[PDB]
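Here's the structure we're looking at; comments come further down.
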Amino acid sequence: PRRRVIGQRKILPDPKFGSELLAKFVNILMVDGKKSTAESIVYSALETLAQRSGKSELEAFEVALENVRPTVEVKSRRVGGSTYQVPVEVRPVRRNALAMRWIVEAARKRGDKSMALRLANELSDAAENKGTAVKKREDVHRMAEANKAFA
Amino acid sequence: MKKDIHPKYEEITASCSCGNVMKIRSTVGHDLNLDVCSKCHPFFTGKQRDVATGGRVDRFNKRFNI
Amino acid sequence: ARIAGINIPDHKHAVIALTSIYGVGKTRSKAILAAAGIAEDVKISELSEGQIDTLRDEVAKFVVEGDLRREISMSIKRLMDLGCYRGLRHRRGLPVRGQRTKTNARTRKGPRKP
Amino acid sequence: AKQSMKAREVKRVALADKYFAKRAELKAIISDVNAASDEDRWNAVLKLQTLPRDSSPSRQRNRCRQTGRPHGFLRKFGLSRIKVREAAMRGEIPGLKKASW
Amino acid sequence: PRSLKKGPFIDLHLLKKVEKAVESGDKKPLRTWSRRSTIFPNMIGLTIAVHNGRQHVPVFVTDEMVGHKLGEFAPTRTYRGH
RNA sequence: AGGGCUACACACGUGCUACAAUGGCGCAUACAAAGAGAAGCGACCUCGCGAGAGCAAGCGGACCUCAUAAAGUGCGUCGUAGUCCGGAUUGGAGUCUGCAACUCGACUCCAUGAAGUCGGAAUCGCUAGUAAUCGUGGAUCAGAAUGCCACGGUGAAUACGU
Ligand SMILES: [Mg+2]
Ligand SMILES: [Mg+2]
Ligand SMILES: [Mg+2]
Ligand SMILES: [Zn+2]
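Protein chains in written order, with our numbering: chain A, 18 to 168; chain B, 377 to 442; chain C, 28 to 141; chain D, 7 to 107; chain E, 10 to 91.
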């Protein structure tokens with residue numbers, strides 16, 4: 018869009034728990050058009066979350082979110098002199114976007130026996146700040162703040 | 377002849393589908409099962425398939441069209 | 028384990044660890060396990076030696092292992108020997124069942140060395 | 007227009023409809039299981055192949071009527087895509103009109 | 010392959026020339042353009058000259074050479090390598 | 001009339017299938033849309049694991065056939081293995097159409113079942129029911145599609161900006 022600013026598509030809230038953020042997490046977790054299995058695995062993993070870290074779904078999910086909530090990020094751009102990444106602020110919507118993306122991509126790996134097991138693994142380890150999600154969060158927090166050439 | 381260098385020349389059996397059994401010596405060792413002989417052979421005898429020399433009566437039957 | 032001159036694995040469903048025998052896939056696996064009368068989801072370590080002998084003298088009916096090997100070997104050998112088109116296809120190491128070769132004949136030809 | 011191929015085609019359709027209903031039952035001798043004998047069925051096949059191979063209805067190429075093109079044929083119109091499209095544009099193809107949905 | 014309910018296949022000219030030859034043949038070459046005919050157990054001992062596109066390559070009919078076609082033993086393309 | 005366009009030290013372009021648990025298999029269970037059909041579709045029925053074969057009503061069709069949609073849903077099974085992933089290749093036994101399946105058809109059964117652990121440089125498509133995946137049908141057509149065209153089932157991501 019050279020002359021447009023196309024707003025974000027409006028999402029429905031997850032009819033099970035009211036959380037639209039989780040409904041978006043489902044799609045971000047969804048692959049191949051299989052939304053039935055996506056909602057199945059996400060609900061199962063939230064159950065496992067509540068029963069593993071005690072705190073219920075709509076709280077452990079958030080604490081797993083902020084604990085990886087990305088602050089800033091570098092982005093490729095050039096205006097003159099040389100090519101270099103530039104640290105830029107990621108919007109709150111883009112913040113929890115990157116959070117959900119990192120979380121689901123992590124949960125897709127470390128697969129041992131089940132989807133909900135590995136998903137709750139990553140969720141809890143993110144909340145406690147020892148997962149790989151938080152390791153990539155730390156890397157993004159180091160990379161961005163390693164260089165702040167210009168504001 | 378010499379020893380320890382020449383092959384073994386045991387007396388074996390030459391049994392062909394002709395049904396003739398000949399007692400030949402050779403470097404074969406085992407009972408030898410043959411296909412055609414001085415008897416029951418095209419050149420030697422008038423019968424084209426002679427007798428036996430191939431039980432291919434086997435699949436002709438499966439299709440059996442005159 | 029000793030059935031079929033082979034050492035079929037253990038702690039695996041009987042339908043499945045019966046497949047480790049040349050000459051038996053999953054159809055003949057179920058077929059022998061039924062014609063001999065054995066449950067499907069019993070692991071190999073869940074089988075007694077009487078049922079093992081039952082498998083010994085039941086799978087016998089289907090030719091298997093070394094014997095089939097020899098059979099297919101002599102089959103392709105008579106192919107080569109007869110002087111047929113398929114015999115030459117076998118000698119060259121090319122598709123024999125009528126595939127394309129200008130490209131995609133890899134399983135037979137082998138990977139791209141030259 | 008290479009009327010040699012079109013003469014081949016007309017001769018093939020003529021001879022296919024000529025010895026039609028002969029090879030029809032000569033093939034019916036062969037699909038029934040009560041071929042009385044191998045000879046009933048077997049002798050039929052030989053007689054079938056005595057009948058001109060140029061009188062089979064599989065030998066026809068079904069070429070377009072105006073131009074005799076082998077490819078692009080359409081059993082609805084009897085014309086190649088080119089001739090059918092020019093006729094469709096000129097209106098000589100009834101009921102036909104550029105589709106859009 | 011060919012359906013069993015229909016039987017085997019051999020062109021009439023080939024079948025009849027083969028009979029006229031099995032009775033009276035000492036390899037007076039029989040040249041067959043038919044490569045699709047099947048090999049009958051009555052052709053054992055023959056070496057029919059079957060076409061391959063330009064040349065009548067001969068094929069000696071043997072016992073094991075029964076359940077295949079005359080074209081099976083007449084290659085058609087001459088490949089040697091690059 | 002025969003063979004070739006199907007040749008094959010090789011390189012590239014499209015496309016399919018996969019490398020697996022969001023998955024493989026078994027059982028049961030539901031939801032389409034569109035079209036074609038008369039020298040065609042062909043119900044049922046009987047025989048054949050199966051390809052189909054015999055039987056054959058009805059249908060020139062909002063009436064009869066294709067034709068069961070599949071993904072899905074619940075149960076259990078497989079437990080991260082070149083494997084119960086794959087399914088190339090090859091041997092044997094068939095079915096179908098056609099004068100005829102050797103070159104050189106399709107499919108079916110049985111049998112080992114290979115590469116393949118997500119892919120170098122680079123590079124393609126897509127802004128909403130669209131990508132992605134699932135299946136369906138038509139043309140051509142005696143037989144022969146993963147292509148083409150058409151149809152529906154689930155169904156997302158991000159567009160800050162130049
Ligand atoms: Mg001495
Ligand atoms: Mg060709
Ligand atoms: Mg646009
Ligand atoms: Zn003899």
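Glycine is no exception: its CB is placed at the ideal position from the N, C-alpha and C atoms.
Straight-line gap, residue 72 of chain E to residue 54 of chain D (C-alpha atoms, nearest Å): Here residue 72 of chain E is taken as the residue at index 63 of the fifth sequence, counted from 1. Here residue 54 of chain D is taken as the residue at index 48 of the fourth sequence, counted from 1. Approximately 29 Å, taken between the alpha carbons.
Beta-carbon proximity list for residue 47 of chain C, same chain, < 7 Å, skipping 5 on both sides: Within the third sequence, residue 47 of chain C is the residue found at index 20, counting from 1. Spatial neighbours of residue 47 of chain C in its own chain (CB-CB distance under 7 Å, excluding positions within 5 residues in sequence) are listed in chain order as 33, 35 and 36.
Near-chain C residues of the stretch 64-86 of chain E - C-beta to any C-beta below 7 Å: Under the 7 Å Cβ criterion, the stretch 64-86 of chain E contributes 73, 74, 77, 81, 82 and 84.
Residue 142 of chain A burial status per 10 Å Cβ neighbour count (16 or more: buried): Position 125 of the first sequence, counted from the start, is the residue given in the question as residue 142 of chain A. Result: buried.
Short CB-CB distance (under 8 Å) between residue 48 of chain D and chain E: Residue 48 of chain D sits at position 42 when you count from the first residue of the fourth sequence. Interface annotation, residue 48 of chain D: in contact with chain E, CB-CB separation under 8 Å.
Interfacial residues, the stretch 29-54 of chain E to chain B, with Cβ spacing under 8 Å: Cβ contacts with chain B come from 31, 50, 53 and 54.
CA-to-CA distance, residue 93 of chain A to residue 161 of chain A, given in whole angstroms: On the first sequence, residue 161 of chain A is found 144 positions in, with the first residue counted as 1. On the first sequence, residue 93 of chain A is found 76 positions in, with the first residue counted as 1. Taking the CA atoms as reference points, residue 161 of chain A sits about 12 Å from residue 93 of chain A.
Burial state of residue 107 of chain D, where buried means 16 or more other Cβ atoms lie within 10 Å: Position 101 of the fourth sequence, counted from the first residue, corresponds to residue 107 of chain D. Residue 107 of chain D should be labelled exposed.
Cβ-heavy atom distance, residue 348 of chain B to ligand 1, below 7 Å: Because chain B here runs from 377 to 442, residue 348 of chain B falls outside it and cannot be looked at.
Residue 408 of chain B (DSSP reduced to helix, strand or coil): The residue given as residue 408 of chain B occupies position 32 in the second sequence. Three-state DSSP puts residue 408 of chain B in a strand.
Anticipated Cβ contact below 8 Å, residue 224 of chain A with residue 74 of chain A, distance rounded: Chain A is shown from 18 up to 168; residue 224 of chain A falls before or after that span and cannot be answered.
Alpha-carbon spacing of residue 28 of chain A relative to residue 43 of chain A, whole angstroms: Here the question's residue 28 of chain A lines up with position 11 in the first sequence. Here the question's residue 43 of chain A lines up with position 26 in the first sequence. The C-alpha of residue 43 of chain A is placed about 11 Å away from the C-alpha of residue 28 of chain A.
The beta strand (DSSP E) enclosing residue 90 of chain D, as first and last residue numbers: Numbered from its first residue, the fourth sequence carries residue 90 of chain D at position 84. Premise fails: residue 90 of chain D lies in the alpha helix (DSSP H), 87-96, not in any beta strand (DSSP E).
Residue range of the unbroken beta strand (DSSP E) whose run includes residue 58 of chain E: If you number the fifth sequence from 1, residue 58 of chain E lands on position 49. In this chain, the beta strand (DSSP E) harbouring residue 58 of chain E covers 58-60.
Every unbroken alpha helix (DSSP H) within the stretch 43-81 of chain D, with a cutoff of 4 residues, ordered by chain: Assignment of alpha helix (DSSP H) within the stretch 43-81 of chain D, counting only whole runs of 4 or more residues, yields 44-56 in chain order.
Neighbourhood of residue 63 of chain C by C-beta distance below 7 Å, restricted to the same chain and skipping five residues each side: As a working note, residue 63 of chain C is residue 36 in the third sequence. Counting only residues of its own chain and dropping the five nearest sequence neighbours on each side, residue 63 of chain C has a CB closer than 7 Å to the CB of 81, 82 and 85.
Validate contact between the stretch 52-63 of chain A and the stretch 110-118 of chain A using beta carbons, cut 8 Å, 3 pairs: Short answer: they don't touch.
Supposed contact pair residue 128 of chain A and residue 139 of chain A - C-beta distance, whole angstroms, cut 8 Å: The count along the first sequence starts at 1 and reaches residue 139 of chain A at position 122. The count along the first sequence starts at 1 and reaches residue 128 of chain A at position 111. A Cβ-Cβ distance of about 11 Å is found for the pair residue 139 of chain A and residue 128 of chain A, leaving them out of contact under the 8 Å criterion.
Ordered list of beta strand (DSSP E) runs contained in the stretch 52-102 of chain A, each at least 3 residues: As far as the stretch 52-102 of chain A is concerned, its whole beta strand (DSSP E) runs of at least 3 residues are 89-94.
Beta carbon proximity, residue 88 of chain D to chain E, threshold 8 Å: Stepping through the fourth sequence from its first residue, residue 88 of chain D is reached at position 82. So no, residue 88 of chain D is outside the interface.
Proximal residues to residue 389 of chain B (C-beta, below 7 Å), its chain only, five neighbours per side dropped: The residue labelled residue 389 of chain B in the question sits at position 13 within the second sequence. Cβ neighbours of residue 389 of chain B within its own chain (closer than 7 Å, five residues either side excluded): 397, 399, 407 and 408.
Reduced DSSP secondary structure (H/G/I, E/B, other) of residue 50 of chain E: Counting from 1 along the fifth sequence, the entry for residue 50 of chain E is found at position 41. Assigned with DSSP and collapsed to three states, residue 50 of chain E falls in helix.
Residue 24 of chain D in three-state terms, based on DSSP: As a working note, residue 24 of chain D is residue 18 in the fourth sequence. In the structure shown, residue 24 of chain D adopts helical secondary structure according to DSSP, grouped into three states.
Nonlocal neighbours in the same chain, by C-beta distance under 6 Å from residue 446 of chain B, ignoring five residues either side: Any question about residue 446 of chain B goes unanswered here, given that chain B covers just 377 to 442.
Own chain residues within Cβ distance below 7 Å of residue 66 of chain E, not counting five before or after: By 1-based counting over the fifth sequence, the position of residue 66 of chain E is 57. So the qualifying residues of the chain are 59 and 83.
Cβ-Cβ distance between residue 123 of chain C and residue 133 of chain C below 8 Å: The count along the third sequence starts at 1 and reaches residue 123 of chain C at position 96. The count along the third sequence starts at 1 and reaches residue 133 of chain C at position 106. No, Cβ-Cβ distance for residue 123 of chain C and residue 133 of chain C is not below 8 Å.
Beta carbon proximity, residue 26 of chain E to chain D, threshold 8 Å: Position 17 of the fifth sequence, counted from the start, is the residue given in the question as residue 26 of chain E. Not one chain D Cβ lies under 8 Å of residue 26 of chain E.
Residue burial classification, residue 100 of chain A (beta-carbon count within 10 angstroms, cutoff 16): Here residue 100 of chain A is taken as the residue at index 83 of the first sequence, counted from 1. With a 10 Å radius around the Cβ and a threshold of 16 neighbouring Cβ atoms, residue 100 of chain A comes out exposed.
Buried versus exposed call for residue 101 of chain C [16 or more other C-beta atoms within 10 Å across all chains shown]: Indexing the third sequence from 1 puts residue 101 of chain C at position 74. Per the 10 Å Cβ criterion, exposed.
Nearest neighbour of residue 87 of chain C, chosen from C:107, C:78, C:42 and C:59 [CA to CA]: As a first step, residue 87 of chain C is located in the third sequence; it is residue number 60 there, counting from the start. When C:107, C:78, C:42 and C:59 are compared, the shortest CA-CA separation from residue 87 of chain C is found for C:59.
Ligand 4 heavy atom lying under 7 Å from the CB of residue 412 of chain B: Locating residue 412 of chain B in the second sequence gives position 36, where the first residue counts as 1. Within the cutoff, so yes.
Boundaries (first-last residue) of the alpha helix (DSSP H) holding residue 22 of chain E: The residue labelled residue 22 of chain E in the question sits at position 13 within the fifth sequence. Secondary structure note for residue 22 of chain E: its alpha helix (DSSP H) is the uninterrupted segment 21-32.
Residue 423 of chain B: CB within 7 Å of a non-hydrogen atom of ligand 4: Translated into the one-based positions of the second sequence, residue 423 of chain B becomes position 47. Between ligand 4 and residue 423 of chain B, a heavy atom-to-CB distance of less than 7 Å is absent.
The stretch 60-72 of chain D / the stretch 21-28 of chain D touching (three or more Cβ pairs under 8 Å): Two segments are said to touch when three or more pairs of C-beta atoms, one from each, lie closer than 8 Å; by this definition the stretch 60-72 of chain D touches the stretch 21-28 of chain D.
Rounded distance between the beta-carbons of residue 110 of chain A and residue 89 of chain A, thought under 8 Å: Along the first sequence, one-based indexing puts residue 89 of chain A at 72. Along the first sequence, one-based indexing puts residue 110 of chain A at 93. Cβ atoms of residue 89 of chain A and residue 110 of chain A stay farther apart than 8 Å, at about 15 Å.
Under 9 Å (Cβ pairs) to chain E, residues found in the stretch 94-106 of chain C: Of all residues in the stretch 94-106 of chain C, 105 have a Cβ within less than 9 Å of some Cβ in chain E.
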